[PDB]
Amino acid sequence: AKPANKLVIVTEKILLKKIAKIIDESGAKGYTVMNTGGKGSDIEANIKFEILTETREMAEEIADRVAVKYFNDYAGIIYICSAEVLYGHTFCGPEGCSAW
């Protein structure tokens, strides 16, 4: 298992591409995005990205970048969970997630 940070960005759907770009630009290996509702009849549609980042700082870079660009104007929460990636060709490389 390879430590990861699960960066979660829940924010407005309309930022999807904007945030995907940020995620792509961060060098995060990918991301998972889903449609969600959230409150912060009063549920609003939003999207949740989950970006497993190799490092915390990458996650924060993404968070910071998203937040600074968008979170004044757009609803969003970014949080981060410890994860370990057990498998993820892209995330762990040909190396595998048990790089001995």
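By rigid core we mean the largest C-alpha set that fits within 1.5 Å across both forms. Numbering starts at 1 and follows the sequence shown.
Looking at 80-88 and 21-29, the one farther from the shown form in 5 other deposited structures of this protein by average CA distance, after a rigid core fit, turns out to be 80-88.
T36, modelled here, also has coordinates in every other compared entry of this protein that models residues flanking it, well short of the third needed to call it frequently missing.
The stretch of deposited sequence separating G40 from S41 contains 10 or more residues lacking coordinates in this entry. Per the PDB record, of the two stretches 61-69 and 25-33, 25-33 carries the greater mean B-factor over its C-alpha atoms. Mean CA B-factor, 91-99 versus 3-11: the higher value falls on 91-99. Between the residues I77, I80, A20, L86, it is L86 that shows the highest Cα B-factor in the PDB record. In this PDB entry, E54 carries a Cα temperature factor that places it within the highest third of its chain's modelled residues.
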